[PDB]
Each structure stands twice: as structure tokens, then as C-alpha cells.
**Q** 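This is the structure I have questions about; it appears just below.
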Amino acid sequence: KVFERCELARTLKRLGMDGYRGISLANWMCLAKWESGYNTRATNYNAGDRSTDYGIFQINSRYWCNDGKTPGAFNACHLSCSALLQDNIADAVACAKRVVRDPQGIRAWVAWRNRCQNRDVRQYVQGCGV
């Protein structure tokens with residue numbers, strides 16, 4: 001599914017993402033925007049290290065989900081990477097929360113540092129009623 005901006009903002013809020021571990025909804029929106037264009041079936045194989053990024057937040061298989069084909073990987077979210085390719089983002093949200101419980105927080109995603117960190121992200125949630 002390709003979410004529309006405000007539709008996604010409310011979906012995330014409903015799933016408890018607003019201010020989760022101090023991360024505003026606008027930040028999560030900026031992440032999803034740059035990671036996948038709000039696309040849940042988005043995928044990216046990393047030929048360099050044999051891992052694959054999955055879903056709306058482009059979560060990596062080396063440490064977060066199991067796809068069975070990434071060498072010496074871990075499954076911190078205890079989910080099949082397939083769960084991150086669903087139209088329903090509940091599982092992706094649970095995993096995204098798992099990611100930020102670690103030291104780096106929202107900084108785990110380099111795209112966030114590149115396109116959201118120290119930026120004006122107010123625009124991502126404006127007019128959405130969140």
C-alpha cells in the first residue's frame with residue numbers, strides 16, 4: 001500500500017507513535033517519506049552485505065527481521081521480514097519502536113540524519129488533524 005500523507009499520520013498516531021521515546025509524529029513521517037515514499041511493499045537489496053531493507057521504514061534484515069537469507073543475521077523484532085511488507089503497518093510499527101529502544105533511537109536510520117535531523121519537519125503533519 002502507498003499511504004497518502006495525512007492518512008499515514010493518523011494511522012501512526014493511532015498506533016502510538018506520537019512521541020514514542022520522545023520522537024514526534026513529524027519525525028516518523030519524515031522517515032517514512034524519505035525511506036519509501038510511504039510505500040509498505042518497498043524493498044532494497046544491499047549487494048554489498050547481502051541484507052535487504054523492507055517496507056515503509058525500510059528496516060534491515062541483518063538485525064531486525066528474519067528473511068532466512070542474510071548471513072549471520074539476527075531477528076530483534078522477532079518477525080518474518082514478510083510481516084514488514086503488509087498493508088497493515090502494525091507489525092512494522094512494533095518493529096520500528098523496537099529499533100528506537102536501542103541507544104541510537106531515530107538515528108538508526110541514516111536517511112533520518114540526512115533528510116530529517118535538524119530540519120523543519122512541521123510540514124509533514126500539517127492539516128492532518130494529529
Side-chain angles (χ1 to χ4, degrees):
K1 175 184 173 184
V2 177
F3 280 86
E4 276 193 274
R5 185 174 65 92
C6 291
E7 175 191 17
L8 177 63
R10 291 187 293 269
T11 303
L12 291 175
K13 189 167 182 185
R14 229 147 37 211
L15 288 170
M17 290 290 257
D18 196 339
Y20 185 81
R21 295 292 160 113
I23 303 157
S24 70
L25 191 60
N27 275 294
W28 287 119
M29 288 295 296
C30 181
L31 178 66
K33 178 72 180 193
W34 289 103
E35 287 295 351
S36 66
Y38 309 140
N39 183 6
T40 64
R41 281 191 59 229
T43 35
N44 175 70
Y45 178 59
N46 301 284
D49 81 330
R50 318 203 121 139
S51 72
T52 296
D53 300 318
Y54 295 92
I56 200 170
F57 295 123
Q58 287 290 271
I59 287 163
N60 189 258
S61 62
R62 180 148 296 288
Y63 313 99
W64 311 101
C65 62
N66 182 47
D67 61 3
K69 57 177 187 187
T70 313
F74 306 104
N75 182 1
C77 294
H78 292 109
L79 286 171
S80 157
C81 296
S82 169
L84 307 180
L85 300 177
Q86 293 175 85
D87 275 10
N88 183 286
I89 63 175
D91 288 338
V93 162
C95 189
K97 285 172 176 174
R98 173 56 183 88
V99 178
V100 307
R101 286 203 293 273
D102 272 10
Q104 288 185 286
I106 194 69
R107 287 157 165 84
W109 290 274
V110 182
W112 184 84
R113 299 184 224 174
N114 296 351
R115 312 276 177 168
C116 311
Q117 180 173 179
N118 302 157
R119 307 265 195 166
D120 184 351
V121 296
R122 293 177 287 150
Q123 61 166 304
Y124 291 101
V125 294
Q126 294 323 306
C128 304
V130 296

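Any value given below was found using the heavy atoms of this structure, including those in side chains, with hydrogens, waters and symmetry copies removed. Along the sequence shown, residues are numbered consecutively beginning with 1.
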**Q** Is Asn46 close to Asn60 at the side-chain level, that is, under 4.5 Å between some pair of heavy atoms?
**A**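 Yes, at least one pair of side-chain atoms sits under 4.5 Å.
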**Q** Suppose we screen for side chain to side chain contact (heavy atoms under 4.5 Å, CB included). Which residues come up paired with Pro103, at least two apart in sequence or across chains?
**A**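 Applying side chain to side chain contact (heavy atoms under 4.5 Å, CB included) to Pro103 gives none.
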**Q** Side chain to side chain contact (heavy atoms under 4.5 Å, CB included) with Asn39: which residues, sequence neighbours excluded?
**A**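 In terms of side chain to side chain contact (heavy atoms under 4.5 Å, CB included), with neighbours along the sequence ignored, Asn39 is linked to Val2, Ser36, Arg41, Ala42.
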**Q** With rounding to the nearest 0.5 Å, note down the distance linking CH2 in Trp64 to CG in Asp53.
**A**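 Going from the CH2 atom of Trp64 to the CG atom of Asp53 covers 13.0 Å.
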**Q** Do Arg21 and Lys97 have side-chain heavy atoms sitting under 4.5 Å apart?
**A**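 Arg21 does not reach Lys97 side chain to side chain.
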**Q** Considering non-hydrogen atoms only, spot the tightest contact between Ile59 and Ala96 and give its length.
**A**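 Scanning both residues completely, I find the closest heavy atoms to be CD1-N, 4.0 Å.
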**Q** Would you mind listing every disulfide bond (SG atoms under 2.5 Å apart) that reaches into residues 101-130, with sequence neighbours excluded?
**A**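 Counting only pairs at least two positions apart or across chains, the disulfide bond (SG atoms under 2.5 Å apart) contacts touching residues 101-130 are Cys6-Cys128, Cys30-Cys116.
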**Q** Check the pair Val100, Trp109 against side chain to side chain contact (heavy atoms under 4.5 Å, CB included), reporting the backbone distance first and the verdict last.
**A** CA-CA 10 Å; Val100 307; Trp109 290 274; 3.7 Å; yes
**Q** Taking the side chain as C-beta and beyond, is there a heavy-atom pair between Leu12 and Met29 under 4.5 Å?
**A**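 Side chain of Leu12 against side chain of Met29, heavy atoms only: contact under 4.5 Å found.
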**Q** I need the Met17 CE to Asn27 CG distance, nearest 0.5 Å.
**A**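 So the CE of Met17 and the CG of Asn27 are separated by 10.5 Å.
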**Q** Not counting sequence neighbours, which residues clear salt bridge (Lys or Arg N to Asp or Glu O under 4.0 Å) with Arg5? List them please.
**A**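 Expected list: none.
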**Q** Suppose we screen for salt bridge (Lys or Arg N to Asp or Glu O under 4.0 Å). Which residues come up paired with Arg98, at least two apart in sequence or across chains?
**A**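 Residues passing salt bridge (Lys or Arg N to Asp or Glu O under 4.0 Å) with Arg98: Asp102.
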**Q** Applying salt bridge (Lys or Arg N to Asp or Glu O under 4.0 Å), name anything that partners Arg101, two or more places apart in sequence or on another chain.
**A**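 Counting only residues at least two positions away or on another chain, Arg101 forms no salt bridge (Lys or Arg N to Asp or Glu O under 4.0 Å).
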**Q** If you count every heavy atom of other residues, nucleotides or ligands that lies below 6.0 Å from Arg50 atom CZ, does the total exceed 12?
**A**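 Atom CZ in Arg50 is not crowded, with 12 or fewer foreign heavy atoms closer than 6.0 Å.
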**Q** How close do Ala26 and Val121 get, counting heavy atoms only, and between which atoms?
**A**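 Scanning both residues completely, I find the closest heavy atoms to be CB-O, 3.4 Å.
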**Q** In Å and rounded to the nearest 0.5 Å, what is the OG1 to CD distance from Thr11 to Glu4?
**A**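 That separation rounds to 11.0 Å.
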**Q** For the residue pair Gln117 and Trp112, establish whether any side-chain heavy-atom pair is separated by less than 4.5 Å.
**A**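 Of all side-chain heavy-atom pairs linking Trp112 with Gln117, at least one is under 4.5 Å.
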**Q** Please enumerate all residues that pass side chain to side chain contact (heavy atoms under 4.5 Å, CB included) together with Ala90, with sequence neighbours excluded.
**A**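 So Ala90 forms a side chain to side chain contact (heavy atoms under 4.5 Å, CB included) with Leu15, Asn88.
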**Q** Using only atom types and a distance under 3.5 Å, with no angle test, would you say the side chain of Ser61 pairs donor to acceptor with the backbone of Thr52?
**A**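 Checked: pair present.
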**Q** Can you tell me how far the CZ atom of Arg62 sits from the CG atom of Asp49, to the nearest 0.5 Å?
**A**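 One finds 4.5 Å between CZ of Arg62 and CG of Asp49.
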**Q** Show your working on side chain to side chain contact (heavy atoms under 4.5 Å, CB included) between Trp28 and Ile106 and close with a plain yes or no.
**A** CA-CA 8 Å; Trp28 287 119; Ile106 194 69; 3.8 Å; yes
**Q** Pairs in or reaching into residues 76-87: which pass side chain to side chain donor-acceptor pair (under 3.5 Å), with residues at least two apart or in two chains?
**A**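 Of all non-adjacent pairs touching residues 76-87, those that pass side chain to side chain donor-acceptor pair (under 3.5 Å) are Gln86-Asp91.
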**Q** Between the side chains of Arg122 and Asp120, is the shortest nitrogen-to-carboxylate-oxygen separation below 4.0 Å, so that they form an ion pair?
**A**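 Here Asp120 pairs with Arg122 in a salt bridge, since their nearest N and O are under 4.0 Å apart.
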**Q** Answer yes or no: is there a side-chain heavy-atom contact under 4.5 Å between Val93 and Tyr20?
**A**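 No, every pair of side-chain atoms sits at 4.5 Å or beyond.
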**Q** Going by side chain to side chain donor-acceptor pair (under 3.5 Å), name the residues that satisfy it together with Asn118, two or more places apart in sequence or in a different chain.
**A**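 Result, side chain to side chain donor-acceptor pair (under 3.5 Å) vs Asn118: none returned.
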**Q** Please list, chain by chain and in numerical order, all residues satisfying side chain to side chain contact (heavy atoms under 4.5 Å, CB included) with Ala73, sequence neighbours excluded.
**A**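 Side chain to side chain contact (heavy atoms under 4.5 Å, CB included) list for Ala73, sorted by chain: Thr70.
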**Q** To the nearest 0.5 Å, tell me how far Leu84 CG sits from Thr40 OG1.
**A**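 Here the interatomic distance stands at 10.0 Å.
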**Q** Hey, any chance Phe74 and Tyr54 share a hydrophobic cluster, counting ILVMFWY side chains that come within less than 4.5 Å of each other, even indirectly?
**A**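 Yes; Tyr54 is reachable from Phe74 via cluster members.
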**Q** Taking only residues two or more places apart in sequence or in another chain, which ones pass salt bridge (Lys or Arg N to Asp or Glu O under 4.0 Å) with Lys1?
**A**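 With sequence neighbours excluded, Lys1 shows a salt bridge (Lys or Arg N to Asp or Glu O under 4.0 Å) to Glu7, given in chain and number order.
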**Q** Sulfur to sulfur, is the gap between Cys81 and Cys65 shorter than 2.5 Å?
**A**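 Answer is yes: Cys65 pairs with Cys81 in a disulfide.
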**Q** Please give me the minimum heavy-atom distance between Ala92 and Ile56, naming the atom from each residue.
**A**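 Residues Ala92 and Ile56, closest heavy atoms: CB-CG2, 4.5 Å.
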**Q** Could you work out, with side chain to side chain donor-acceptor pair (under 3.5 Å) as the rule, every residue matching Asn75, not counting sequence neighbours?
**A**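 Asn75: no side chain to side chain donor-acceptor pair (under 3.5 Å) contacts found.
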